[PDB]
Each structure stands twice: as C-alpha cells, then as structure tokens.
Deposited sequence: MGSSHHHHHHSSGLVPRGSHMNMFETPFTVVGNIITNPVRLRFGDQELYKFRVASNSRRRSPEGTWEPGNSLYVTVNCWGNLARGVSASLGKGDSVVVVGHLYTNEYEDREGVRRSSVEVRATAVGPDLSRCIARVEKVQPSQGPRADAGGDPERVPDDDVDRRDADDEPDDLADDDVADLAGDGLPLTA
C-alpha cells in the first residue's frame, strides 16, 4: 500500500519463475538515477513476457516494498506495465478468455 510509478528502461533480460499454479516475471528497471527490480504476476506476467524485453522503454505502476534476504533490497510489485509510447509504437491484441 505504498503506491509507486517509474518510467524508464528494462536493463536486464527478464526471467520467468514458477510456483505451481502461479508465474512470476522479474526484471530490472532504470530511470532517467533509480534502479529497481519489478515483479509481475499472473496476467501481468503474461502481457509483459509476450510484449517486452531488455532495452525496452517502460511505464511501471504498482506498490513499493523492501525484501530482506541472505542484504535487503527495494522491489516493485507491479499492477500495470506498458511500453512508453513516447519512445515506440504498439499493436495491441486482446487475449480471449
């Protein structure tokens, strides 16, 4: 419940990870400096893996949090991600349910 928006560029090769039913798509974003790891789940992990990659210019919206581990780092739980249409063009396709 700390909302957060970052506009920038994916700077790593995203990675998919599975947890049975569920899917995570993870990547790093740089802003224009801020470096943050973005985590997409579900249908968002889908849209993003199908559409974006390293070097793409991106708009990320979600919630910011700290993740402690064996250091502690700052990450986004994304709720919406899109390509930044100031820097590119997109063909949009809906996914039949």
Practice task
Would you flag the ranges of the deposited sequence that the structure leaves without C-alpha positions?
Solution key: 1-24, 57-70, 109-114, 142-190
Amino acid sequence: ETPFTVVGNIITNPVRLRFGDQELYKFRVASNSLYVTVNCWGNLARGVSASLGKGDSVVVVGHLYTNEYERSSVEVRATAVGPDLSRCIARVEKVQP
From here on, numbers count along this sequence of modelled residues.
Completion exercise
When mean C-alpha B-factors in the record are compared for 13-21 and 84-92, the larger belongs to 13-21
Completion exercise
Among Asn32, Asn43, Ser49, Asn39, the highest C-alpha B-factor in the PDB entry belongs to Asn32
